[PDB]
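Structure below is data16.cif: mmCIF, C-alpha atoms.
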```
data_run
#
loop_
_atom_site.group_PDB
_atom_site.id
_atom_site.type_symbol
_atom_site.label_atom_id
_atom_site.label_comp_id
_atom_site.auth_asym_id
_atom_site.auth_seq_id
_atom_site.Cartn_x
_atom_site.Cartn_y
_atom_site.Cartn_z
ATOM 1 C CA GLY A 1 12.429 -17.384 14.178
ATOM 2 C CA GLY A 2 14.714 -14.350 14.100
ATOM 3 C CA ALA A 3 14.772 -11.112 16.053
ATOM 4 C CA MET A 4 11.985 -9.417 14.075
ATOM 5 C CA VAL A 5 9.651 -12.424 14.380
ATOM 6 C CA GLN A 6 10.347 -12.809 18.118
ATOM 7 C CA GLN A 7 9.988 -9.094 18.785
ATOM 8 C CA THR A 8 6.764 -8.893 16.771
ATOM 9 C CA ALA A 9 5.421 -11.897 18.694
ATOM 10 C CA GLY A 10 6.136 -10.185 22.013
ATOM 11 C CA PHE A 11 4.245 -7.106 20.773
ATOM 12 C CA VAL A 12 1.289 -9.149 19.459
ATOM 13 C CA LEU A 13 1.064 -11.062 22.752
ATOM 14 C CA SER A 14 1.145 -7.857 24.823
ATOM 15 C CA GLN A 15 -1.396 -6.140 22.553
ATOM 16 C CA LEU A 16 -3.641 -9.217 22.739
ATOM 17 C CA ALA A 17 -3.538 -9.108 26.552
ATOM 18 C CA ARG A 18 -4.446 -5.395 26.581
ATOM 19 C CA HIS A 19 -7.242 -6.045 24.059
ATOM 20 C CA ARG A 20 -8.649 -8.845 26.245
ATOM 21 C CA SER A 21 -8.414 -6.708 29.412
ATOM 22 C CA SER A 22 -10.038 -3.729 27.683
ATOM 23 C CA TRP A 23 -12.977 -5.600 26.137
ATOM 24 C CA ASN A 24 -16.034 -4.200 27.922
ATOM 25 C CA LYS A 25 -18.980 -5.893 26.202
ATOM 26 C CA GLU A 26 -21.160 -8.939 26.825
ATOM 27 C CA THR A 27 -20.234 -10.593 23.512
ATOM 28 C CA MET A 28 -17.051 -12.612 23.082
ATOM 29 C CA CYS A 29 -13.809 -10.709 22.622
ATOM 30 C CA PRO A 30 -13.129 -10.242 18.887
ATOM 31 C CA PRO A 31 -9.776 -11.160 17.326
ATOM 32 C CA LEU A 32 -7.054 -8.568 17.747
ATOM 33 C CA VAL A 33 -6.544 -6.987 14.310
ATOM 34 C CA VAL A 34 -2.841 -6.349 13.679
ATOM 35 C CA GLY A 35 -2.163 -4.136 10.659
ATOM 36 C CA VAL A 36 1.202 -4.719 8.980
ATOM 37 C CA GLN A 37 2.887 -2.486 6.405
ATOM 38 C CA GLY A 38 6.286 -2.780 4.786
ATOM 39 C CA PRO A 39 7.904 -2.219 1.411
ATOM 40 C CA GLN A 40 8.273 -4.426 -1.632
ATOM 41 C CA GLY A 41 11.282 -6.561 -0.755
ATOM 42 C CA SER A 45 11.055 -15.830 4.339
ATOM 43 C CA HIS A 46 9.539 -12.593 5.696
ATOM 44 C CA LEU A 47 7.693 -11.456 8.807
ATOM 45 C CA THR A 48 4.085 -12.217 7.860
ATOM 46 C CA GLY A 49 5.142 -15.532 6.315
ATOM 47 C CA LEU A 50 6.756 -16.785 9.549
ATOM 48 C CA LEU A 51 4.828 -14.995 12.292
ATOM 49 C CA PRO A 52 1.530 -16.988 12.084
ATOM 50 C CA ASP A 53 3.163 -20.415 12.447
ATOM 51 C CA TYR A 54 5.367 -19.049 15.234
ATOM 52 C CA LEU A 55 2.401 -17.746 17.259
ATOM 53 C CA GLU A 56 0.351 -20.911 16.665
ATOM 54 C CA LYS A 57 3.172 -23.299 17.498
ATOM 55 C CA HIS A 58 4.871 -21.569 20.433
ATOM 56 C CA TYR A 59 2.025 -19.496 21.929
ATOM 57 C CA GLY A 60 -1.051 -21.632 21.172
ATOM 58 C CA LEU A 61 -2.795 -18.868 19.236
ATOM 59 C CA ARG A 62 -5.230 -19.284 16.355
ATOM 60 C CA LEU A 63 -4.465 -16.889 13.502
ATOM 61 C CA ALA A 64 -6.081 -15.745 10.287
ATOM 62 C CA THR A 65 -4.252 -13.640 7.699
ATOM 63 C CA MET A 66 -5.575 -11.091 5.190
ATOM 64 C CA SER A 67 -3.121 -9.930 2.518
ATOM 65 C CA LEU A 68 -4.114 -6.778 0.627
ATOM 66 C CA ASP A 69 -3.062 -8.198 -2.762
ATOM 67 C CA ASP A 70 -5.543 -11.072 -2.427
ATOM 68 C CA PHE A 71 -8.271 -8.396 -2.473
ATOM 69 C CA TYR A 72 -7.481 -6.774 -5.833
ATOM 70 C CA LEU A 73 -10.480 -6.162 -8.092
ATOM 71 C CA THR A 74 -11.482 -9.016 -10.336
ATOM 72 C CA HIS A 75 -9.944 -8.694 -13.798
ATOM 73 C CA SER A 76 -13.319 -7.611 -15.217
ATOM 74 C CA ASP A 77 -13.686 -4.846 -12.611
ATOM 75 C CA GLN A 78 -10.082 -3.702 -13.105
ATOM 76 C CA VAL A 79 -10.696 -3.439 -16.856
ATOM 77 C CA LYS A 80 -13.764 -1.300 -16.114
ATOM 78 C CA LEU A 81 -11.639 0.921 -13.864
ATOM 79 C CA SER A 82 -8.908 1.285 -16.491
ATOM 80 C CA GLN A 83 -11.491 2.156 -19.159
ATOM 81 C CA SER A 84 -13.076 4.836 -16.971
ATOM 82 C CA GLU A 85 -9.693 6.531 -16.344
ATOM 83 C CA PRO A 86 -7.763 6.139 -19.611
ATOM 84 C CA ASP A 87 -5.323 9.002 -18.956
ATOM 85 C CA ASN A 88 -4.294 7.669 -15.533
ATOM 86 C CA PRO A 89 -1.295 5.327 -15.966
ATOM 87 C CA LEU A 90 -1.449 4.315 -12.307
ATOM 88 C CA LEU A 91 -4.961 2.863 -12.764
ATOM 89 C CA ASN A 92 -4.213 0.968 -15.975
ATOM 90 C CA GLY A 93 -3.551 -2.177 -13.906
ATOM 91 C CA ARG A 94 -3.508 -3.477 -10.349
ATOM 92 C CA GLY A 95 -1.494 -1.863 -7.589
ATOM 93 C CA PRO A 96 -2.394 1.524 -6.160
ATOM 94 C CA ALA A 97 -5.389 2.853 -4.246
ATOM 95 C CA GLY A 98 -8.536 2.206 -6.265
ATOM 96 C CA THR A 99 -7.511 -1.219 -7.600
ATOM 97 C CA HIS A 100 -8.776 -3.173 -4.541
ATOM 98 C CA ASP A 101 -12.269 -4.548 -3.958
ATOM 99 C CA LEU A 102 -13.242 -2.491 -0.937
ATOM 100 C CA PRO A 103 -16.686 -4.123 -0.371
ATOM 101 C CA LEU A 104 -14.945 -7.517 -0.181
ATOM 102 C CA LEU A 105 -12.195 -6.230 2.128
ATOM 103 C CA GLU A 106 -14.799 -4.725 4.447
ATOM 104 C CA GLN A 107 -17.007 -7.831 4.307
ATOM 105 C CA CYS A 108 -14.102 -10.160 5.104
ATOM 106 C CA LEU A 109 -12.675 -8.063 7.925
ATOM 107 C CA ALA A 110 -16.105 -7.678 9.525
ATOM 108 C CA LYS A 111 -16.632 -11.436 9.174
ATOM 109 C CA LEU A 112 -13.316 -12.197 10.882
ATOM 110 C CA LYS A 113 -14.049 -9.663 13.628
ATOM 111 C CA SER A 114 -17.357 -11.396 14.500
ATOM 112 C CA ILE A 115 -15.917 -14.908 14.170
ATOM 113 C CA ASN A 116 -15.683 -15.490 17.958
ATOM 114 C CA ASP A 117 -19.345 -14.610 18.557
ATOM 115 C CA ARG A 118 -21.428 -17.375 20.100
ATOM 116 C CA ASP A 128 -21.399 -20.414 12.595
ATOM 117 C CA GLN A 129 -17.820 -19.318 13.307
ATOM 118 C CA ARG A 130 -16.361 -19.527 9.785
ATOM 119 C CA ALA A 131 -15.172 -17.205 7.033
ATOM 120 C CA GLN A 132 -13.919 -17.548 3.462
ATOM 121 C CA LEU A 133 -11.081 -15.415 2.161
ATOM 122 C CA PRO A 134 -10.206 -14.708 -1.487
ATOM 123 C CA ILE A 135 -7.048 -15.721 -3.318
ATOM 124 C CA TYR A 136 -5.649 -13.621 -6.170
ATOM 125 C CA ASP A 137 -3.695 -15.375 -8.954
ATOM 126 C CA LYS A 138 -1.331 -12.801 -10.436
ATOM 127 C CA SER A 139 -0.492 -15.058 -13.392
ATOM 128 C CA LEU A 140 -3.975 -15.076 -14.949
ATOM 129 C CA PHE A 141 -4.697 -13.103 -18.119
ATOM 130 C CA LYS A 142 -1.043 -13.447 -19.146
ATOM 131 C CA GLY A 143 0.129 -11.773 -15.944
ATOM 132 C CA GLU A 144 -2.471 -9.041 -15.520
ATOM 133 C CA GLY A 145 -4.042 -11.090 -12.734
ATOM 134 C CA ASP A 146 -7.503 -12.161 -11.604
ATOM 135 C CA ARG A 147 -9.253 -13.500 -8.506
ATOM 136 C CA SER A 148 -8.754 -17.227 -8.132
ATOM 137 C CA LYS A 149 -11.617 -19.675 -7.792
ATOM 138 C CA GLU A 150 -9.753 -21.128 -4.786
ATOM 139 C CA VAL A 151 -10.493 -19.678 -1.323
ATOM 140 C CA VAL A 152 -8.993 -19.799 2.182
ATOM 141 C CA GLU A 153 -11.257 -21.384 4.814
ATOM 142 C CA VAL A 154 -11.088 -19.802 8.278
ATOM 143 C CA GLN A 155 -12.394 -21.694 11.313
ATOM 144 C CA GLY A 156 -13.012 -19.701 14.462
ATOM 145 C CA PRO A 157 -12.377 -18.917 17.164
ATOM 146 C CA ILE A 158 -9.482 -16.620 16.210
ATOM 147 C CA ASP A 159 -7.115 -14.797 18.576
ATOM 148 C CA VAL A 160 -5.357 -12.556 16.048
ATOM 149 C CA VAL A 161 -5.972 -11.322 12.505
ATOM 150 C CA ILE A 162 -2.875 -10.237 10.594
ATOM 151 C CA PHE A 163 -3.954 -7.734 7.899
ATOM 152 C CA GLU A 164 -0.896 -6.859 5.814
ATOM 153 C CA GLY A 165 -0.192 -4.836 2.705
ATOM 154 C CA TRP A 166 2.362 -2.627 0.972
ATOM 155 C CA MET A 167 0.085 0.397 1.515
ATOM 156 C CA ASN A 168 -1.853 -0.676 4.611
ATOM 157 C CA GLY A 169 -2.578 2.357 6.760
ATOM 158 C CA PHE A 170 -1.478 4.861 4.079
ATOM 159 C CA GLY A 171 -3.329 8.127 4.658
ATOM 160 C CA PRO A 172 -4.858 10.494 2.088
ATOM 161 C CA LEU A 173 -3.926 14.174 1.950
ATOM 162 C CA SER A 174 -5.897 17.363 1.812
ATOM 163 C CA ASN A 175 -5.854 18.793 -1.695
ATOM 164 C CA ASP A 176 -3.622 21.654 -0.502
ATOM 165 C CA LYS A 177 -1.148 19.273 1.145
ATOM 166 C CA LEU A 178 -0.784 17.091 -1.951
ATOM 167 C CA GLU A 179 -0.067 20.226 -4.001
ATOM 168 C CA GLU A 180 2.437 21.280 -1.349
ATOM 169 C CA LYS A 181 4.411 18.044 -1.739
ATOM 170 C CA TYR A 182 4.223 18.142 -5.546
ATOM 171 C CA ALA A 183 5.482 21.741 -5.709
ATOM 172 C CA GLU A 184 8.227 21.034 -3.170
ATOM 173 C CA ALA A 185 9.524 18.104 -5.240
ATOM 174 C CA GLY A 186 9.727 20.320 -8.303
ATOM 175 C CA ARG A 187 11.771 22.951 -6.473
ATOM 176 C CA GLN A 188 14.253 20.373 -5.146
ATOM 177 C CA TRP A 189 15.073 18.551 -8.385
ATOM 178 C CA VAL A 200 17.183 10.397 -7.086
ATOM 179 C CA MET A 201 14.250 12.206 -8.691
ATOM 180 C CA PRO A 202 11.025 12.063 -6.642
ATOM 181 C CA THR A 203 8.757 9.715 -8.561
ATOM 182 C CA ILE A 204 5.654 11.878 -8.088
ATOM 183 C CA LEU A 205 7.222 14.175 -10.708
ATOM 184 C CA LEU A 206 6.721 11.357 -13.239
ATOM 185 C CA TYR A 207 2.948 11.872 -13.007
ATOM 186 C CA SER A 208 0.455 14.653 -13.588
ATOM 187 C CA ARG A 209 -1.186 16.406 -10.659
ATOM 188 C CA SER A 210 -4.560 15.006 -11.772
ATOM 189 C CA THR A 211 -3.223 11.438 -11.793
ATOM 190 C CA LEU A 212 -1.929 11.858 -8.234
ATOM 191 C CA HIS A 213 -5.145 13.514 -7.010
ATOM 192 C CA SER A 214 -7.140 10.521 -8.324
ATOM 193 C CA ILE A 215 -5.076 8.036 -6.309
ATOM 194 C CA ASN A 216 -5.424 10.342 -3.277
ATOM 195 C CA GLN A 217 -9.213 10.447 -3.675
ATOM 196 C CA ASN A 218 -9.247 6.665 -4.082
ATOM 197 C CA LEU A 219 -7.280 6.332 -0.829
ATOM 198 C CA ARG A 220 -9.925 8.264 1.124
ATOM 199 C CA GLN A 221 -12.225 5.249 0.526
ATOM 200 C CA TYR A 222 -9.917 3.000 2.612
ATOM 201 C CA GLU A 223 -10.379 4.878 5.892
ATOM 202 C CA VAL A 224 -13.338 2.734 7.038
ATOM 203 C CA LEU A 225 -11.087 -0.305 6.501
ATOM 204 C CA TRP A 226 -8.111 1.232 8.317
ATOM 205 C CA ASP A 227 -10.338 2.048 11.291
ATOM 206 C CA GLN A 228 -10.931 -1.695 11.860
ATOM 207 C CA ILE A 229 -7.240 -2.142 12.764
ATOM 208 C CA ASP A 230 -6.400 -2.313 16.491
ATOM 209 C CA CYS A 231 -2.587 -2.159 16.474
ATOM 210 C CA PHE A 232 0.146 -1.835 13.900
ATOM 211 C CA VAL A 233 3.563 -3.178 12.908
ATOM 212 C CA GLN A 234 5.617 -1.287 10.319
ATOM 213 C CA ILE A 235 8.881 -2.216 8.597
ATOM 214 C CA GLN A 236 10.502 1.067 7.532
ATOM 215 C CA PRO A 237 13.701 1.135 5.440
ATOM 216 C CA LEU A 238 16.320 3.682 6.436
ATOM 217 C CA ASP A 239 15.979 5.028 2.892
ATOM 218 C CA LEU A 240 13.168 4.597 0.397
ATOM 219 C CA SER A 241 15.816 3.794 -2.238
ATOM 220 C CA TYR A 242 16.105 0.295 -0.738
ATOM 221 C CA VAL A 243 12.721 -0.612 -2.239
ATOM 222 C CA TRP A 244 14.139 -0.620 -5.784
ATOM 223 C CA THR A 245 17.180 -2.626 -4.690
ATOM 224 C CA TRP A 246 15.116 -5.171 -2.732
ATOM 225 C CA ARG A 247 12.562 -5.644 -5.513
ATOM 226 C CA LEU A 248 15.394 -6.263 -7.989
ATOM 227 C CA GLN A 249 16.930 -8.836 -5.626
ATOM 228 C CA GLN A 250 13.520 -10.484 -5.283
ATOM 229 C CA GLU A 251 13.037 -10.764 -9.045
ATOM 230 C CA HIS A 252 16.555 -12.137 -9.540
ATOM 231 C CA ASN A 253 16.061 -14.632 -6.684
ATOM 232 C CA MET A 254 12.730 -15.783 -8.138
ATOM 233 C CA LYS A 255 14.183 -16.083 -11.655
ATOM 234 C CA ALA A 256 17.118 -18.105 -10.354
ATOM 235 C CA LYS A 257 14.744 -20.726 -8.877
ATOM 236 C CA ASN A 258 11.938 -20.905 -11.493
ATOM 237 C CA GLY A 259 14.047 -21.358 -14.619
ATOM 238 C CA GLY A 260 14.459 -17.659 -15.384
ATOM 239 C CA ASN A 261 10.913 -16.305 -15.873
ATOM 240 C CA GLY A 262 10.448 -12.774 -14.573
ATOM 241 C CA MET A 263 10.707 -9.078 -15.267
ATOM 242 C CA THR A 264 13.836 -7.560 -16.729
ATOM 243 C CA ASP A 265 15.755 -5.101 -14.578
ATOM 244 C CA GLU A 266 14.266 -2.209 -16.550
ATOM 245 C CA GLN A 267 10.755 -3.618 -16.128
ATOM 246 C CA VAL A 268 11.289 -3.900 -12.363
ATOM 247 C CA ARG A 269 12.243 -0.203 -12.383
ATOM 248 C CA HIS A 270 9.026 0.801 -14.196
ATOM 249 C CA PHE A 271 7.092 -1.526 -11.877
ATOM 250 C CA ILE A 272 8.392 0.128 -8.710
ATOM 251 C CA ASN A 273 7.964 3.621 -10.181
ATOM 252 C CA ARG A 274 4.200 2.963 -10.107
ATOM 253 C CA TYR A 275 4.292 2.265 -6.330
ATOM 254 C CA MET A 276 6.862 4.856 -5.199
ATOM 255 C CA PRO A 277 4.525 7.907 -5.515
ATOM 256 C CA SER A 278 2.249 6.268 -2.951
ATOM 257 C CA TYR A 279 5.152 5.811 -0.518
ATOM 258 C CA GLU A 280 6.227 9.425 -1.095
ATOM 259 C CA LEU A 281 2.762 10.960 -0.616
ATOM 260 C CA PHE A 282 0.812 8.725 1.766
ATOM 261 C CA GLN A 283 3.137 6.654 3.964
ATOM 262 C CA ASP A 284 3.168 9.252 6.750
ATOM 263 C CA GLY A 285 -0.559 8.706 7.347
ATOM 264 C CA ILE A 286 0.416 5.541 9.248
ATOM 265 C CA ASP A 287 1.813 7.758 12.026
ATOM 266 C CA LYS A 288 -0.701 10.432 13.024
ATOM 267 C CA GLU A 289 -3.005 11.343 15.876
ATOM 268 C CA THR A 290 -6.321 10.226 14.348
ATOM 269 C CA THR A 291 -5.535 6.566 13.538
ATOM 270 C CA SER A 292 -7.218 3.705 15.343
ATOM 271 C CA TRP A 293 -3.785 2.261 16.250
ATOM 272 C CA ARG A 294 -2.312 5.518 17.584
ATOM 273 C CA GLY A 295 -0.200 4.623 20.622
ATOM 274 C CA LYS A 296 -0.329 0.923 19.673
ATOM 275 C CA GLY A 297 2.288 0.777 16.915
ATOM 276 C CA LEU A 298 5.706 -0.848 16.618
ATOM 277 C CA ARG A 299 8.174 0.239 13.941
ATOM 278 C CA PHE A 300 11.280 -1.656 12.872
ATOM 279 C CA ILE A 301 13.895 0.483 11.135
ATOM 280 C CA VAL A 302 16.020 -1.708 8.875
ATOM 281 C CA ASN A 303 19.182 -1.285 6.818
ATOM 282 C CA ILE A 304 19.647 -2.509 3.246
ATOM 283 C CA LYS A 305 20.541 -5.982 4.525
ATOM 284 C CA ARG A 306 17.106 -5.991 6.226
ATOM 285 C CA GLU A 307 18.783 -6.031 9.641
ATOM 286 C CA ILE A 308 16.982 -4.176 12.414
ATOM 287 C CA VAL A 309 18.939 -1.029 13.257
ATOM 288 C CA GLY A 310 16.300 0.620 15.449
ATOM 289 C CA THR A 311 12.824 0.281 16.871
ATOM 290 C CA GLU A 312 10.276 2.945 17.718
ATOM 291 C CA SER A 313 6.789 2.948 19.136
ATOM 292 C CA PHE A 314 3.972 4.974 17.626
#
```
Could you express the structure from this file as structure tokens?
Amino acid sequence: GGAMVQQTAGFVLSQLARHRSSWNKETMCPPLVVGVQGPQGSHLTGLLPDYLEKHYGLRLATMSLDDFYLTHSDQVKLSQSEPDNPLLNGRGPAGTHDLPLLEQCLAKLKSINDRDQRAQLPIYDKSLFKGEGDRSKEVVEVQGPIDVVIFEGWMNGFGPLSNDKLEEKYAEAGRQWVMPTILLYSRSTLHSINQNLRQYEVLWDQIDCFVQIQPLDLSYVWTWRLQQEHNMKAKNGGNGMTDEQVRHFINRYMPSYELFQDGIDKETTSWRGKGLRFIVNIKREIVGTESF
């Protein structure tokens, strides 16, 4: 109900109206697909659906990237095929998501207004296999018609690099050295994640407009994720990662922020000119907004 939710609602409503005006086909207008990206550390995508449904009469469906991780069996196969890549030894980065399922579900949602109008979305249970995670048997039932699809994720919209450009960033980091986390990894490990990320471009191209939460400084992500783990531990009897384990956890994600986050803001994206960025301080207060 706060400023970010209200401002994001205004943007969704305006983008929906443009989408509906622009639709130049004989079939029904598809849902507006809103991509959402923001760092580790309720929150926007937890509050925004009920706000739009209650106050603006919209029907929403939400896709969260983490619910589309590979099944545990498939992730084990991935780890075994890339034993020297620490980033692929468990869920998280590019390559650890089920891209056929993501594409199938987004295409299903995008045809859900056609005139039968139903979709099923996966749920991922991070506690299974002693915390390694697996797809749940439970699903989310979606009943059309749908005005808006929120498709959110810590790396949604992240763009791959040319080989030369990845090398450029890796070499630059080495000449400068808050150590850049890409220096924790081999060049071949980083190239693999980059190549994995190229497979997401068909998925990104299904997004119509975009909302991004950008910290003033990438260092906030560590601080926020520590707060989150302490908050969760304080409410669930004290079960969670240690501070050191949170650090190692976030060090697996930070190279992706360092290398690929700028791909959200570039001339070739499907949401170019239809993006809203919130710039936030460490207290998560909006300190600026930008369009992209």
May I ask for the distance between CA of residue 135 in chain A and CA of residue 147 in chain A, given in Å to one decimal place?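 Those two atoms sit 6.1 Å apart.
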Evaluating the PyMOL selection byres ((chain A and resi 15-21) around 8) on the displayed file yields which residues, as a list in words? residues 11, 12, 13, 14, 22, 23, 29, 32, 159, 160, 231 and 296 of chain A
Starting from the PyMOL selection byres ((chain A and resi 181) around 12), expand the selection into actual residues of this file and give them as a PyMOL selection string. chain A and resi 173-180+182-188+202-205+209+212-213+277+280-282
If I wrap all listed atoms of range 269-287 of chain A in a box with edges along x, y and z and add 8 Å on each side, what are its centre and edge lengths in Å to one decimal, as AutoDock Vina command-line options?
```
--center_x 5.8 --center_y 4.7 --center_z -1.1 --size_x 28.8 --size_y 28.5 --size_z 42.2
```
Residues selected by the PyMOL selection byres ((chain A and resi 58-69) around 10), written as a ChimeraX atom specification: /A:9,13,31-36,48-49,51-57,70-73,94-95,99-101,105,108-109,112,131,133-138,147,152-168
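Take the candidates A:25, A:306, A:228, A:216 and check each one against residue 107 in chain A using all atoms listed in the file; the shortest distance goes to A:228.
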So how far away is CA of residue 118 in chain A from CA of residue 27 in chain A, in Å?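 Those two atoms sit 7.7 Å apart.
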As an exercise, work out the distance from CA of residue 237 in chain A to CA of residue 189 in chain A in Å and give it to one decimal place. 22.3 Å
Which residue gives the smallest distance to residue 170 in chain A among A:262, A:96, A:30, A:310, with all atoms listed in the file counted?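 Going through A:262, A:96, A:30, A:310 one by one, the smallest distance to residue 170 in chain A is for A:96.
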Distance query residue 298 in chain A at most 7 Å, all atoms listed in the file, self and fewer than 3 positions along chain excluded, as a VMD selection string: chain A and resid 232 to 234 312 to 314
Return the single residue from A:102, A:201, A:240, A:309 that is closest to residue 221 in chain A, with distances computed using all atoms listed in the file. A:102
Could you check which of A:273, A:7, A:218, A:114 is closest to residue 206 in chain A, using all atoms listed in the file?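 Smallest distance to residue 206 in chain A is found for A:273.
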